[PDB]
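Take a look at this single chain, the form deposited in one PDB entry, given in structure tokens.
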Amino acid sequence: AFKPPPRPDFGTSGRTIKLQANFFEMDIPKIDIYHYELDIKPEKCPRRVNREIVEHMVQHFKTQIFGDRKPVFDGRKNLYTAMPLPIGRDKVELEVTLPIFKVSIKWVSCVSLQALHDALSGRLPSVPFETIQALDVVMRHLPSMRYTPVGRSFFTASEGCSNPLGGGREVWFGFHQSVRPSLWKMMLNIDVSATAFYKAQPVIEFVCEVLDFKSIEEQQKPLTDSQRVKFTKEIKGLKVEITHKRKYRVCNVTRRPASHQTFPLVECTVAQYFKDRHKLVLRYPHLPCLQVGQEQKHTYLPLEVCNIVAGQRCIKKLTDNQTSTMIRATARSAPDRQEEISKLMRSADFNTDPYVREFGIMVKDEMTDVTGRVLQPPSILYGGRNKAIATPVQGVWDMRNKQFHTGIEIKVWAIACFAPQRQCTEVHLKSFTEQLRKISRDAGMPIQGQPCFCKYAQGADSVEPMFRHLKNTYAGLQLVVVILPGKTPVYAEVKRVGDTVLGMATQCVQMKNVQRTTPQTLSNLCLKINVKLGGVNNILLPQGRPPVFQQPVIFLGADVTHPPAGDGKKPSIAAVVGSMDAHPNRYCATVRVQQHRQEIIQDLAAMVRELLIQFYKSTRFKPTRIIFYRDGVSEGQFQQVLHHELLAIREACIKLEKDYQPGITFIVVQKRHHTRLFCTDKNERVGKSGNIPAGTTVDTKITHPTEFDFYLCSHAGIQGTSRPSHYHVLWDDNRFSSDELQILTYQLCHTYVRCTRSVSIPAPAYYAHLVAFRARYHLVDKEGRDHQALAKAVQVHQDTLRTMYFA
């Protein structure tokens, strides 16, 4: 379970395409640089405050130490210099004042950039991490002070334009920046981005925006408890500033107006306090005060003397309208984004950055050219009379004149309509039934007759007794179609009951899609229905599959989904699916709740054991090979994850049978990186968005210098700029060639049963996502006693276990 396998070869399959990547070559000197350890007492202050401390510590202690040396700082404890500092080894206490801190500098090490060159070439097997870290600290030292750092990105108010969102928020533009080793050179990965920020405005104006006032004096009355509570929820936690210089965090909003609100000086009011001490009379005395600092003390500031501090990211969720405006502001086609990144890099002036130039680094201002190959799509085989073969074109095909490979005859089914009768009439339901049966017969999934049961219902409470009744009354019941009036808790209840309480197949459909049907929608609905009932929609043309299918092989997809920002004990959800036939088409699912924000799948061995057992029951084969697509592990966790999960896989094998030792291939799938690929030639641009065509593959130039990784953009780019999926092979007993693995991955992107399209990641990974999503629905408002309760929540019924209920 040690080091990732070396790249075995380069891919040769498919026609070439000229591409540009948002990677900008770096020239790094062949020079040793110097790494010093810093400790700033006390180390509780924000990273930025530390950065300032060091920043003018260097200014204040210029004479003795640095002497024209321009150090870079990571913001916490790491300092780097281009040539060695005068303090030969010895920790030195330094005294720094801020307009109070002791800073100790001690030598740590030498970082050789020559060793980095050696790693980029053949000579070193590994890329020296410390070196990359050093370069990264160098490159982001200045913009960490100039701009507002968010993660690996930087944001700023765009000078000359405003993009308000309302509610005191506006769009800030910026960019992601990262330093990456490559087959060719050190690369600077730069992408543009945008995010909502709080406006740097007076608090009075903030109040007006949040409470929807065109101006204050609507009214000159204290706010209603409603208004005050909304304002409270909006400003709580934000930083404000005064002029009397002072910055505070807002912990509350007083109930009383400033004229009435009092504190112990003897009881003294806030307004009067400002009159007496600060010679100020409140223009808006009827308004509340912000409570700032510790909520235990009693420090209360009037609204009209405070400003919202500049550069605070808006953490809180945006409204629907705010979001709409955000999208509208930041939407760019592929060529537009390409031009924006290029414009940004020409206007960046990285090479005049005094710290960059101090470390002798040069950055290229043009995107790297890279040659991709466009893989051929697999043929898709259908069934019926035709045995039709479909040929994807630009990552899309369709169901017209085709029947499912194996279509289910639906004989017994029901309809529960939770939409109101007056809006979703019996005529609507009838007409919808007619249409659905037409499309379904065309597809080889004949709904033989009318539903056996069709009643209206209201509220979540009616779900369980209705479903119990159905299961007890109609023998051979295959499906319940559930019509919903849009967003409702009923959906989650329908799933809790069907999936985990009764083990019944349900298909939900929104009221509006019953009222107005279209062939495309009903067709997609049929994809879902056929799968849920155990059917096989289509299969990869068998003779067109890579040689790996010549022996029994199981395809696993795995994902962990974590709770959103904020809520803190809500668990993470681990989901693993495995193929159950040779096509591969049918999948079974396993799911677990696990520790909050843990990425490592804790219970993997038990899950894989289950899947292996089910695979044997379905196919009567034991897999000689296990292909494991693992979604969403970042590089910094590669070793962590691979160590636990690979072993878990082995354990599942070992405990199942000895000496059962199938070859394992462990592939990390990453859809959330910042690598963008653009057509160099305009006539290669596909559709309105002008993206690279589906099947575009890149395994040279910008990829890893020694390891086995590649980009594959398997999908049609409909809108904006495509995200090409990245695949990183952490382990491979099966000794794949690049060609076979890339082609296999591509083909798996065509087995996804919910649409006749090639999807952005292989089917097993996608299914993993759907399973986790469904689990999250089983857990809504539910968050060993506790953990057992949550584990119970996501446990499907016995009859649901062997199904694709997640489709």
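Don't overthink the numbering: it's just position in the shown sequence, from 1. In this text, the rigid core denotes the largest set of C-alpha atoms whose superposition between the two forms falls within 1.5 Å.
There is another form of the same protein, the form deposited in another entry; it is not shown, and what comes next is about it.
Only one candidate in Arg277, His469, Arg597, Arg357 has its Cα displaced by 2 Å or more between this form and the one not shown after core superposition: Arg277. With a cut-off of 2 Å and the rigid core superposed, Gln550 has a Cα displacement that falls short of the cut-off between this form and the one not shown.
The Cα shift for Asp631 between this form and the one not shown, taken after rigid core superposition, is smaller than 2 angstroms. Relative to the superposed rigid core, the position of the CA of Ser324 differs between this form and the one not shown by 2 Å or more.
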